[PDB]
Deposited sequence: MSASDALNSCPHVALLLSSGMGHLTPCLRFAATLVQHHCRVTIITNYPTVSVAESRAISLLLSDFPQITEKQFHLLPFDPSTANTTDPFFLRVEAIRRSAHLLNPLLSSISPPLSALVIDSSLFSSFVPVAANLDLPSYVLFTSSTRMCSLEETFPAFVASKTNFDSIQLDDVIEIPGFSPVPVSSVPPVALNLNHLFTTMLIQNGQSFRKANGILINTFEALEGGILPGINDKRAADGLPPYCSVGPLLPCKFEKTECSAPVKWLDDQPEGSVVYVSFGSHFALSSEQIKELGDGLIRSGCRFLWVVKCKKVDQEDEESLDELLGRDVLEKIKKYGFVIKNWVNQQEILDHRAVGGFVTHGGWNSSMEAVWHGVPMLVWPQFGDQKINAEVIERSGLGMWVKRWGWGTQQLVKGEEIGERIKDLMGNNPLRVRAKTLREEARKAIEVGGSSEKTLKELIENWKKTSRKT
C-alpha cells in the first residue's frame, strides 16, 4: 500500500524548488510520485533541477503537461514567469485527460498555489484530494486568504492602514506586495482568485514547523475547523535533496580557506536582479563593512538572458578592486551547501521563504533586505523568531536606494549580533527535531499519508 501522489508545477524557481524537495520527501516516506511538468521552462535552472531529480530518483514519473498556444498580447505584465503561470492556467481543461491516463490511480493531487484557482476544479471533478503547495510563509498565506475580502470591503484603492489577519499580527499595506496595489495587474487578480480558492482545498501545505511560528498553529487549526476551513499542514523545513550537495565547487573551495563565522553571504534569490547603482553601492558597502563576503550577482531577471559582465556593469577596475576583499560571482551557486558551510556567519537576503528556511535549517543569522512581493511579510516572521533583523528604513529594494555607508555599517552590526546566533542554534535544533520521528512535520506528514492511506 504505497499511495500515489501527483504534483502540479507552474514556473519560477521560487515555486519549483520546494516542489521537488517535497516530492523527494514523499518518495522518502513510502509514496509513489508523479510530477506534471511543462516545457519549455522560463529558466534553465528549472530544467536542470528536474533532470537532476529524475536522475537521482528514477522511481519518480514525469508527465509533460502540453499547454495551449499562448498569446502574450493580452497579459498586462512582461514578467515571463507570471506569463508562463498564466499560460498554464488558461489550459486547465487540458490537465484533466492527462490526469486520467496516470496509472496506478492517484490518491492526492498537490497543486502549486499560483495555479490553484484554475486547477482546483480539475481535481474536484476527478474526486481527488487536492492540496495547496504554498511556497511562502504562513502569515503570507493568511494574507492571501484575507486579501480578497479586503479589496471587496473597499470602494477603490488607501493610506497605510491595517488589514486584519486572523491568528497573526496585522499587516500594514506597506508590507503588502507593491504590484498588488493596482487591481488590474495579472499577479493581483491571480493572487485574489487563488486566495479565494484555497478554502476549496483539503489541506494547505506550508514549508514550516510549529516552533518557528511561535506555537500559534494548533490553535489556529481547530479555530479553522470550526469555520470549515482547510488545516495548515506544517511539513517543513523541507530538506534539500541529495544532489544539491556538490562538495567540490569553486565557492566552497574558497569558503574552506576562511575562518568560521567571518564570511557574509549575499544572494537575492534567482528571480530578482538589482539595479546598476544599487549594485555599485552594494559593492562599496561590502568593502566598507570590513568583513569577508560571498556575493552572488544578477543583472537580468531570467538567467537565460543575463550575459553581460560586471566589467560592463561596475567596470573593470572596480570589480578588480572588490574581488580582493572577498568572492564575487555572477553565476548559479548552491545556497544550501554554502549556508551549511562553517565559514558563513550571516546572510544578506531578499527575504524569499526558500532562502530564509534554508538559513533557518543551517542556523545562519539573516539581514533581511526586501525587494518585492511577500518578502516584507517574511521579514517580520523571521524577525519575530529572533534569527534575523531587517532595516525598515530601507523599505522596498525596488523602490528605494541604499548607499554603501549604511550597508557596511549595518553588516558590521550583523556580524556582531550574538543573540541572533544564540537563537540560530536553538532554532536549527528545533527545526531538526521537527522533522525527526515524533516531530511536528513528521506527525503532520504521517497523518497526511495515513489518510491516503
*asked:* Relative to the deposited sequence, which regions have no modelled C-alpha positions in the structure?
replied: 1-8, 166-168, 465-470
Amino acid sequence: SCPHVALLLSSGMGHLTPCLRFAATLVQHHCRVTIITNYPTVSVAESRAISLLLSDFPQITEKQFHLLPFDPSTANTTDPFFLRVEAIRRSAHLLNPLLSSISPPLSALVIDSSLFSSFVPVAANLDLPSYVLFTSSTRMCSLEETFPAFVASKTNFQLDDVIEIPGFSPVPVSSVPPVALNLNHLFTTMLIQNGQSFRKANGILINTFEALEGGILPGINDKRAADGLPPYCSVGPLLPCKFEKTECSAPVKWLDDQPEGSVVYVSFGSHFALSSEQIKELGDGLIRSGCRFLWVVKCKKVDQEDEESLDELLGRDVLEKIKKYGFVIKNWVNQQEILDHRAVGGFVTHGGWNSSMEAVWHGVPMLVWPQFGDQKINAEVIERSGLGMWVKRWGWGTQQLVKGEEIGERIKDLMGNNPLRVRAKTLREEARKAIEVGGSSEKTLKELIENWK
From here on, numbers count along this sequence of modelled residues.
_If you average the CA temperature factors as listed in the entry, which stretch comes out higher, 298-306 or 75-83?_
298-306
*Out of 193-201 and 313-321, which stretch has the higher average CA B-factor listed in the record?*
313-321
*Which of these has the highest Cα B-factor in the record: 338, 266, 367, 159?*
159
*Out of 349, 135, 114, 169, which shows the largest CA B-factor listed in the entry?*
169
*What third of its chain, lowest, middle or highest, does the C-alpha temperature factor of residue 34 fall into?*
lowest
*When the modelled residues of the chain are sorted by Cα temperature factor, does residue 372 land in the lowest, middle or highest third?*
lowest
_Ranking every modelled residue in this chain by its Cα temperature factor as given in the entry, which third contains residue 62?_
lowest
*Compared with the other modelled residues in the chain, in which third is the CA B-factor of residue 150?*
highest
*asked:* Could you place residue 12 in the lowest, middle or highest third of its chain by Cα temperature factor, using the values in the record?
replied: lowest
